[PDB]
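S.K.: Can you keep this structure in mind? I'll have questions shortly.
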Amino acid sequence: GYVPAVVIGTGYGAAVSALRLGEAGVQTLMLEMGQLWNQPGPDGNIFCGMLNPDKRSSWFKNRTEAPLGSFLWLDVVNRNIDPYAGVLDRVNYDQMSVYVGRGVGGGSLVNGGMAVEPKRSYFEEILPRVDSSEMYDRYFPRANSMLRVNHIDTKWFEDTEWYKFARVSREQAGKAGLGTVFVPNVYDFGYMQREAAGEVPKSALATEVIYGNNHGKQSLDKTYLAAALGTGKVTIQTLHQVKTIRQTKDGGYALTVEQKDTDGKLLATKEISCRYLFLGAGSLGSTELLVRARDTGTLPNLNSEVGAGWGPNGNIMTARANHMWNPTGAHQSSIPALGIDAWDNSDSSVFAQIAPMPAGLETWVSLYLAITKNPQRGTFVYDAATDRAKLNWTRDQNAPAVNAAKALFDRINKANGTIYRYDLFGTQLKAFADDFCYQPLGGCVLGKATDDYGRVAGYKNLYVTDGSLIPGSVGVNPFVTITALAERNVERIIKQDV
Ligand SMILES: Cc1cc2nc3c(=O)[nH]c(=O)nc-3n(C[C@H](O)[C@H](O)[C@H](O)COP(=O)(O)OP(=O)(O)OC[C@H]3O[C@@H](n4c[nH+]c5c(N)ncnc54)[C@H](O)[C@@H]3O)c2cc1C
């Protein structure tokens, strides 16, 4: 049927767009290919933890996987599973694996909650056509309030066993002249204290994050999407995947939409049409819809920039072996709290998360997720034979990222007399994981595939709202930028177009 506005997906861009549309009185339907995560599973919890993965952990996989960095300790808990509409999807391309959330809330279900505004001078570099004053004066503050960003108590942080891992890396970094910063989060740190005191059910302190948090984490279903539903003008249909988009003869857009069950069985294919169409299917999903539409002739006036400009936000993972006198602890909160800020907008820039590990026993390992400045980009290109977007990225394109991460951590190793671990990512000696991404950015870049507000070039009333807009890098964990940019864009679109 017809609905005035459709939003594809229910991640950050989608959730912002739907809230503001509803508040503007536009009846809006959100279509989400994953589940609404609200039914208790066979253990009484909605989500599985990292030490007890089951089918809920994985989008249509036949075996669970260990969280990257953790295979040496967590492969022992892996099991064969039925393919199922689980919450975390590892999307494998020829030389890159991209991890994305699947469900109402998107990646907000599975992410580490780190809520960070980019450095203004870097924002100005990457998006020179955007007025940065509005962003820092209005839209970034609006996003941090709406998202429920909060800050860890410093006294508790300093005292608790659950953050010893972070304090160890702070001390080691300090010996190399590097400081750390507290990273704000959407996980409720007051709740986390009470977890440690035994007062409330544990989630972050019970090795949960990457397959969902049963408590504490204010994912988008609790913040923007709850508010959007509260407008009385928004509905969400789950297990509905948009497959094609065309521009109707009489105006507007029509979608082919597959309804599946949680085993993946096709139940129905529906046509749904609208006046205004907003894509919030993520860097991967929005870009795939648009290259498909261009290259199958259903949106033939899309430009050549659709598909281009993808990058993994410079993501590299590495680890250091601590001295025996610097144990990182058996008890590590699953929510990071500290990063190493060595980002100066130069090519040696690194913003590194001090990442917890879920082993649950002492391993002496310090794990890091580095965000770097690597100019290399990939392109999604339509494969008509399999009807999929393929990401043309090669592992050598991450060499500048590896090089930047290694130069920073080599300074830390030199100052402390420590070495890398080489065995955390496979049998081959490899200290740097360079073929994954948690933070995909680009494919429908703002100002190149779209105007400066996400209006898709060549079309009216067709909008992209999500990480596909970002030109491959923001220098920090991206969801606050996605959210703020979506606030800016939908406000303008409603004022001028709706
Ligand atoms: C393990 C992990 C850790 C991360 N840690 C952080 C962190 O602490 N801080 C940070 O800032 N970022 C973090 N990220 C990245 C962050 O979650 C991500 O940048 C955003 O979620 C992207 O938001 P979008 O709105 O672009 O997109 P996203 O949240 O991926 O939402 C897209 C939604 O669209 C749905 N969808 C896709 N295709 C279709 C279709 N054709 N039809 C229907 N529905 C569809 C999809 O299932 C999903 O719910 C992390 C991500 C992962 C996977």
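Throughout, chain A uses Swiss-Prot numbering, with the displayed residues spanning 46-543 in order.
Using N, Cα and C of the backbone, Cβ positions are placed for all residues, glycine too.
So Swiss-Prot says this about it:
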- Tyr57, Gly58, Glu77, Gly152, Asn156, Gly157, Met159, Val287, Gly512, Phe524: FAD binding site (BINDING)
S.K.: Near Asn156 (FAD binding site), which residues of its chain come within a Cβ-Cβ distance under 8 Å, counting only those 6 or more away in sequence?
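M.R.: Within the chain, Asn156 (FAD binding site) has Cβ neighbours under 8 Å at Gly146, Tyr483, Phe524.
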S.K.: Using only the residues recorded as binding FAD (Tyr57, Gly58, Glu77, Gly152, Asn156, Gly157, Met159, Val287, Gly512, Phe524), report the maximum Cα-Cα distance in Å, whole number please.
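M.R.: Between the outermost Cα atoms of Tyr57, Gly58, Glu77, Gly152, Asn156, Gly157, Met159, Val287, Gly512, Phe524, the distance is 29 Å.
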S.K.: Would you mind ranking the binding-site residues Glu77, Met159, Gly512 by how many other Cβ atoms sit within 10 Å of each Cβ and giving me the lowest?
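M.R.: Result for the binding-site residues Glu77, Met159, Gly512: minimum number of other Cβ atoms within 10 Å at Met159.
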S.K.: I want to check the contact list for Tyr57 (FAD binding site): same chain, sequence separation of six or more, C-beta distance under 8 angstroms. What comes out?
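M.R.: In sequence order, the residues whose Cβ lies under 8 Å from that of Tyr57 (FAD binding site) (at least 6 apart) are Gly151, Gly152, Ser153, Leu265, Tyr269, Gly325, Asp511, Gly512, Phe524, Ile527, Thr528, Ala531.
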